[PDB]
> 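Handing you this structure, nothing more for now.
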Amino acid sequence: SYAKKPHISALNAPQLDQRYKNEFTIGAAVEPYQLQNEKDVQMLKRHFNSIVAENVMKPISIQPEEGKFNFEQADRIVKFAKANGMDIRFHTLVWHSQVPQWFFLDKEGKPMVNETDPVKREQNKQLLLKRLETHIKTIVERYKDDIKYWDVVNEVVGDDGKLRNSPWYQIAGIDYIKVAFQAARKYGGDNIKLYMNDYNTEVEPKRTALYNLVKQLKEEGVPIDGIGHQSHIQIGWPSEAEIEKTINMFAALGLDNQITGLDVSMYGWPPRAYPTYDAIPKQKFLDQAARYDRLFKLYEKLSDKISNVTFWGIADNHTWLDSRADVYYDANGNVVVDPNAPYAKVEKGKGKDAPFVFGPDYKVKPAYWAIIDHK
Ligand SMILES: O[C@@H]1[C@@H](O)[C@H](O[C@@H]2CO[C@@H](O[C@@H]3CO[C@@H](O[C@@H]4CO[C@H](F)[C@H](O)[C@H]4O)[C@H](O)[C@H]3O)[C@H](O)[C@H]2O)OC[C@H]1O
Ligand SMILES: O[C@@H]1[C@@H](O)[C@H](O[C@@H]2CO[C@H](F)[C@H](O)[C@H]2O)OC[C@H]1O
Ligand SMILES: [Cl-]
Ligand SMILES: [Cl-]
Ligand SMILES: [Zn+2]
Ligand SMILES: [Zn+2]
Ligand SMILES: [Zn+2]
Ligand SMILES: [Zn+2]
Ligand SMILES: [Zn+2]
Ligand SMILES: [Zn+2]
C-alpha cells in the first residue's frame, strides 16, 4: 500500500485490535517464554485482544504420559490473557501430530493399528475413545470458564478429500471426531464454541470434503459451531475469490469462521528461501503489503461471518515458517530462489521467512500500513 509511511516502532503505532474491534478480534499465537520478553509483552498488550498457544496446549504437551497432566505452561497463557482482557482459543484437543503414542497402544503395549482380530479391534476402539474422553474431560473441566473458543479437532480431513487416515481414524473410524465434540460440549457447557480447524480449507477436493463432513455431523446432532481456517497462505495463492467462496460456503451452514493461523509467506511451495532477513528484496515487502491490503479488505467485507483473525506469531523474529525456509544453492554456492532454476544442494529449514505485519526489530512493515488504513 503506502511505502512512504515510516518504519516506526510498533509500540508507537495505532493499535491493530482497535482498528478492527467491531469487525473481529485480532489474535497472536504465543509461547510462554514470550511472556517473559518485554517487547513481546508490550506487543500483546498494545495490538492484540485474542491469544492462542503455539504449542503448550497440544495433546503431547498436556498429557505426555497417561495420568500425567502438565497445565503449568498453559496456565501461564490463560493467566496473561485474563489479566489483559484477551479472548483465548484452545489449540488443540485432537491431532495426529504432537500427540503422545501411549494413546494408540493396546493393553499389552502393542500398536492398536496392527491388530487383526475384529473383536479385539472393537475393544481397542472403545479403549481409545475412553482415553479421548478422559483427556478432553480433564482439560475442559479446568478451563471451561476461561476459554471461549476450542479447536476440538485439527486437520482431520486429508488433502486427497478422504478423511485423514491417522491412527485416530484407523483405530476408531469417524466416531473419534463425534466423541471429541460431544465430550467437549458435555464437560464445557453451551457457552464454549467448538471448532474444526484445518489448513487449505480453500482447496478442492479438501474443501468440499470438509463441507460434507461438517454437514453430516450437524445433521446427526454433533455440536460444532465453526470452522478454523489456518490460512497458511502465499502472496499469490490461494486467490481472494476462492477465500471468499470458502468463507461463504461454510457460513451458509450456520457456522462461524475464524482465521486461526494467518501468515503470508514470502515464498511458494516448496519454498526456496533467502538465507537471511537482510537478503529479502524490498519489492517482496511491497507485494506482501498489497496482498495484505486485499486480504483484510475481504475479511472486513465478510466481517459478519468472521469472529476472529489470529496470526501464527507476533513479529517476524519468530515464525514456524523458518522451519520450512529451505535455501537452495547452485554449484557456485550462490542462492537460488527461482522455483524452476538449476541448483546443486539445499539447506533445509536454514533460511528466513517474513510473514507478519511487524518486522523482527518490532517496527511496522508496509503490510501494517496496508491494513491499518481505511482504503
Ligand atoms: O503439517 C501441516 C503442513 O502439512 C501444512 O503445510 C501445507 C501443505 O500443503 C501446501 O499446499 C500447497 C501450496 O502450494 C500450492 O501450489 C500453489 C499453486 O498456486 C501458485 F502456483 C503457487 O505458486 C503454488 O505454490 C499447492 O497446490 C498446495 O498443495 C501448503 O502450502 C502447506 O502450507 O501446514 C500446516 C501444518 O500443520
Ligand atoms: O513451533 C511449531 C508450531 O508453530 C507448529 O504449529 C502448527 C503450524 O501449522 C498449523 F497451524 C498447526 O495447526 C499448528 O499447530 O507445529 C510445529 C511446531 O514445531
Ligand atoms: Cl516456531
Ligand atoms: Cl527491519
Ligand atoms: Zn487492546
Ligand atoms: Zn541479518
Ligand atoms: Zn465479525
Ligand atoms: Zn514458534
Ligand atoms: Zn527494521
Ligand atoms: Zn488497506
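Throughout, residue positions are numbered sequentially from 1 according to the sequence presented. All values below come from the heavy atoms of this structure, side chains included, with hydrogens, waters and symmetry mates left out.
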> Between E204 and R207, is there a side-chain N and carboxylate O pair less than 4.0 Å apart?
yes
> Checking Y187 against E133 for the side-chain hydrogen bond (donor to acceptor under 3.5 Å, both in side chains) test, could you report, in this order, the C-alpha distance in whole Å, the side-chain angles of both residues, the deciding distance, and whether it holds?
CA-CA 10 Å; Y187 295 108; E133 173 153 352; 3.2 Å; yes
> Salt bridge check: are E300 and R19 linked by an N-O gap of less than 4.0 Å?
yes
> Ring-plane angle category for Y368 and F358, please: parallel below 30°, perpendicular beyond 60°, tilted otherwise.
tilted
> For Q258 and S307, does a side-chain donor sit closer than 3.5 Å to a side-chain acceptor?
yes
> How long is the span from the CD atom in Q63 to the OG1 atom in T134, to the nearest 0.5 Å?
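Interatomic distance, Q63 CD to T134 OG1, rounded to 0.5 Å: 8.0 Å.
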> Keeping to residues at least two apart or across chains, list the side-chain hydrogen bond (donor to acceptor under 3.5 Å, both in side chains) pairs with something in residues 267-279.
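Sorted result for residues 267-279: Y277-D316.
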> Compare all side-chain heavy atoms of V337 with those of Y328 and state whether any distance is below 4.5 angstrom.
no
> Would you say the side-chain atoms of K58 pair up with the backbone N or O of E54, donor to acceptor, closer than 3.5 Å?
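Between the backbone of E54 and the side chain of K58 there is a qualifying donor-acceptor contact (under 3.5 Å).
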> Would you check if there is a donor-acceptor pair between the side chains of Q230 and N154 at a distance under 3.5 Å?
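Yes, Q230 and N154 have a side-chain donor paired with an acceptor closer than 3.5 Å.
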> Report the relative orientation of the aromatic rings in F311 and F356; use parallel for angles under 30°, tilted for 30 to 60°, perpendicular for over 60°.
perpendicular
> Side chain of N37, backbone of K39: donor and acceptor closer than 3.5 Å?
yes
> Tell me, with the steps shown, if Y149 and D256 meet side-chain hydrogen bond (donor to acceptor under 3.5 Å, both in side chains).
CA-CA 11 Å; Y149 304 99; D256 186 36; 5.8 Å; no
> Quick one: are the ring centres of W150 and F90 less than 6.0 Å apart?
yes
> Judged by atom type as modelled, is there a donor-acceptor pair below 3.5 Å linking the side chain of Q170 to the main-chain atoms of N165?
yes
> Can any side-chain N or O of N200 pair as donor or acceptor with the backbone N or O of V203 at less than 3.5 Å?
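No; judged by distance alone, with no hydrogens or angles, the pair does not exist.
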> Before accepting this row, confirm whether a basic side-chain N of the pair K120/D106 lies closer than 4.0 Å to the acidic partner's carboxylate O.
no
> Side-chain donor-acceptor pair under 3.5 Å between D17 and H47, yes or no?
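Result is no, nothing qualifies.
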> Less than 4.0 Å between a side-chain N and a carboxylate O, is that true for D225 and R185?
yes
> Please check if any side-chain donor atom of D293 sits under 3.5 Å from a side-chain acceptor atom of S1, or the reverse.
no
> Could you list the residues that satisfy salt bridge (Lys or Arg N to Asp or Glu O under 4.0 Å) with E72, not counting sequence neighbours?
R76
> Using 4.0 Å as the upper bound for N to carboxylate O, is an ion pair formed by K110 and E115?
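Judged by the 4.0 Å cut-off on N to carboxylate O distance, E115 and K110 do not form a salt bridge.
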> With a 4.5 Å heavy-atom cut-off, do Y195 and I224 have their side chains touching?
no
> Verify whether the ring centers belonging to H232 and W320 lie closer than 6.0 Å.
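Ring-ring flag for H232/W320: true, centres closer than 6.0 Å.
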> Do you see a donor-acceptor pair shorter than 3.5 Å between the side chains of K365 and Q288?
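A pair is found: one side chain offers a donor N or O, the other an acceptor, under 3.5 Å apart.
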> Check the surroundings of atom CG in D304: do more than 12 heavy atoms from other residues, nucleotides or ligands lie under 6.0 Å from it?
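Atom CG in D304 is crowded, with more than 12 foreign heavy atoms closer than 6.0 Å.
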> Can you establish whether the number of heavy atoms outside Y33 located under 6.0 Å from its atom OH is more than 12?
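Enclosed: over 12 neighbouring heavy atoms sit under 6.0 Å from OH of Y33.
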> Could you tell me whether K350 and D326 make a salt bridge, using a distance below 4.0 angstrom between a side-chain N and a carboxylate O?
no
> Is there a side-chain contact between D40 and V30 in this structure, where contact means two heavy atoms from C-beta onward sitting under 4.5 Å apart?
no
> Angle between ring planes, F71 versus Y143, binned at 30° and 60°: parallel, tilted or perpendicular?
perpendicular
> Does the distance from a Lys or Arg side-chain N to an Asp or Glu carboxylate O, for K137 and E141, drop under 4.0 Å?
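Judged by the 4.0 Å cut-off on N to carboxylate O distance, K137 and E141 do form a salt bridge.
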> Which heavy atom of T319 sits nearest a heavy atom of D353, and at what distance?
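In this case the closest contact between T319 and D353 is CG2-O, 4.4 Å.
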> Without hydrogens or angle criteria, can the side chains of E31 and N55 be said to hold a donor-acceptor pair below 3.5 Å?
yes
> Are side-chain N/O atoms of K21 and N49 paired as donor and acceptor at under 3.5 Å?
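Checked: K21/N49 side chains show no N/O donor-acceptor pair below 3.5 Å.
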> Would you say the ring centers of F103 and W168 fall short of 6.0 Å from each other?
yes
> For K148, I'd like to know if atom NZ has over 12 heavy atoms of other residues, nucleotides or ligands within 6.0 Å.
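Incorrect, the count does not exceed 12.
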> Side chains of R294 and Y292: closer than 4.5 Å at any heavy-atom pair?
no
> Using the rule given for ring-ring contact (aromatic ring centres under 6.0 Å, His included), can you reason through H7 versus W369, listing the C-alpha separation, both sets of side-chain angles and the distance that settles it, and then say yes or no?
CA-CA 10 Å; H7 190 54; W369 295 114; over 10 Å; no
> So, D287 and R291, do they make that salt bridge, N to O below 4.0 Å?
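No.
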> Under the criterion side-chain hydrogen bond (donor to acceptor under 3.5 Å, both in side chains), I'd like the reasoning laid out for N212 against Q216: C-alpha separation, chi angles, the key distance, then a yes or no.
CA-CA 6 Å; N212 294 337; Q216 174 203 311; over 6 Å; no
> Between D373 and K375, is there a salt bridge with N-O shorter than 4.0 Å?
yes
